[PDB]
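Undergrad: Please see the structure below; I have some questions.
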Amino acid sequence: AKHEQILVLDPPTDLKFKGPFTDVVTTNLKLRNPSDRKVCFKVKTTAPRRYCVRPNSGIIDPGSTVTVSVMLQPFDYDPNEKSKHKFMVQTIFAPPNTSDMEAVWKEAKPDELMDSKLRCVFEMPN
Ligand SMILES: [Cl-]
Ligand SMILES: [Cl-]
Ligand SMILES: [Cl-]
């Protein structure tokens, strides 16, 4: 059975980016690990040329939290266009050996992976 996402995300669903978008706009995403085990994570967007994410991967200690910076590139914003961009978080419980994360993610069984999706929202100041 594919488990639910073990991490607690703040914000849990909607990532908001406040304009104006003539500059780089950054929004934070906190990943909290409420379990007693290390959790490896990977964070991606559906538009890699417009977003950067730092860090895009790592391991979270039990009970700890990491802040992920999502950077939106400047663009010409039209208020009558909603953002169709999604943000994927993929997590897996860390195996004992994590010195080779490429091998860890590749050996991962399908049900060992946990996934969360966040929607993006563009907004201007009031
Ligand atoms: Cl939310
Ligand atoms: Cl646990
Ligand atoms: Cl880079």
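All residue names refer to the structure tokens as shown: chains lettered A, B, ... in order, residues numbered from 1 in each chain, ligands numbered from 1 in order.
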Please write out the residues within 8 Å of ligand 1 as a list in words, counting only C-alpha atoms and all ligand atoms.

TA: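 With only C-alpha atoms and all ligand atoms and a cut-off of 8 Å, ligand 1 is contacted by residues 10, 11, 12, 13, 14, 15 and 118 of chain A.
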
Undergrad: Please tabulate, as a Markdown table, the residues of chain A that come within 10 Å of ligand 3, each with its closest pair of atoms and the distance in Å to one decimal, counting only C-alpha atoms and all ligand atoms and ordering rows by chain, then residue number upward.

TA:
| residue | atom | partner | partner_atom_place_in_ligand_line | distance |
| --- | --- | --- | --- | --- |
| A:52 | CA | ligand 3 | 1 (Cl) | 8.0 |
| A:53 | CA | ligand 3 | 1 (Cl) | 9.4 |
| A:54 | CA | ligand 3 | 1 (Cl) | 9.3 |

Undergrad: Could you write out the selected residues, including N, CA and C atoms, as an mmCIF file, in the first residue's frame?

TA:
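Wrote out-v6.cif, looks like this:
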data_model
loop_
_atom_site.group_PDB
_atom_site.id
_atom_site.type_symbol
_atom_site.label_atom_id
_atom_site.label_comp_id
_atom_site.auth_asym_id
_atom_site.auth_seq_id
_atom_site.Cartn_x
_atom_site.Cartn_y
_atom_site.Cartn_z
ATOM 1 N N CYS A 52 13.095 27.976 -9.898
ATOM 2 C CA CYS A 52 14.219 27.278 -9.299
ATOM 3 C C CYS A 52 13.878 26.952 -7.853
ATOM 4 N N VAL A 53 14.437 25.849 -7.361
ATOM 5 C CA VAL A 53 14.158 25.351 -6.020
ATOM 6 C C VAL A 53 15.478 25.027 -5.337
ATOM 7 N N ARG A 54 15.674 25.567 -4.137
ATOM 8 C CA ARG A 54 16.886 25.326 -3.368
ATOM 9 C C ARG A 54 16.549 25.168 -1.890
#

Undergrad: Could you pull out the residues sitting within 12 Å of ligand 2, using only C-alpha atoms and all ligand atoms, and write them as a PDB file with C-alpha atoms, in the first residue's frame?

TA:
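This went into result19.pdb:
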ATOM      1  CA  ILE A   6       4.762  11.514   6.120  1.00  0.00           C
ATOM      2  CA  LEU A   7       5.977  15.128   5.985  1.00  0.00           C
ATOM      3  CA  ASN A  33       9.329  15.483   9.660  1.00  0.00           C
ATOM      4  CA  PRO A  34       6.968  14.342  12.458  1.00  0.00           C
ATOM      5  CA  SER A  35       8.235  10.743  12.449  1.00  0.00           C
ATOM      6  CA  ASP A  36      11.148   9.097  14.271  1.00  0.00           C
ATOM      7  CA  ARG A  37      13.084   8.281  11.080  1.00  0.00           C
ATOM      8  CA  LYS A  38      15.130  10.224   8.553  1.00  0.00           C
ATOM      9  CA  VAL A  39      13.197  11.213   5.428  1.00  0.00           C
ATOM     10  CA  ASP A  61      16.119  14.491  10.712  1.00  0.00           C
ATOM     11  CA  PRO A  62      13.321  13.186  12.965  1.00  0.00           C
ATOM     12  CA  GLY A  63      11.258  16.027  14.393  1.00  0.00           C
ATOM     13  CA  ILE A  92      10.943   8.189   1.046  1.00  0.00           C
ATOM     14  CA  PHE A  93      12.083   6.841   4.399  1.00  0.00           C
ATOM     15  CA  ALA A  94      15.870   6.897   4.427  1.00  0.00           C
TER      16      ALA A  94
END

Undergrad: Find the spatial neighbours of residue A:78, counting only C-alpha atoms, within a cut-off of 12 Å - ignore same-chain residues fewer than 5 positions away - and output them as a ChimeraX atom specification.

TA: /A:19-21,83,122-124

Undergrad: Hey, what does DSSP flag as helix (DSSP H, G or I) within chain A? Can you give it to me as a list in words?

TA: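 In chain A, DSSP puts these residues in helix (DSSP H, G or I): residues 101, 102, 103, 104, 105, 106, 110, 111 and 112 of chain A.
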
Undergrad: Please, which residues of chain A, numbered as in this document, come out strand (DSSP E) from DSSP, as a ChimeraX atom specification?

TA: /A:8-10,14-18,25-32,39-45,51-54,57-60,65-72,86-93,114-123

Undergrad: Taking only C-alpha atoms into account, name the residue in A:89, A:60, A:120, A:114 that is nearest to residue A:44.

TA: A:89

Undergrad: How many Å lie between atom CA of residue A:90 and atom CA of residue A:27, rounded to one decimal?

TA: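 Atom-to-atom, atom CA of residue A:90 to atom CA of residue A:27, that is 18.7 Å.
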
Undergrad: Atom CA of residue A:121 and atom CA of residue A:18, how far apart in Å?

TA: 8.7 Å

Undergrad: How far is it from atom CA of residue A:117 to atom CA of residue A:67, in Å with one decimal?

TA: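 Here the two named atoms are 16.7 Å from each other.
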
Undergrad: Just checking: using only C-alpha atoms, which residue out of A:75, A:125, A:104, A:91 ends up closest to residue A:4?

TA: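 Nearest to residue A:4: A:91.
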
Undergrad: Using only C-alpha atoms for the distances, tell me which of A:49, A:70, A:22, A:40 is nearest to residue A:96.

TA: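 Using only C-alpha atoms, residue A:96 sits closest to A:40.
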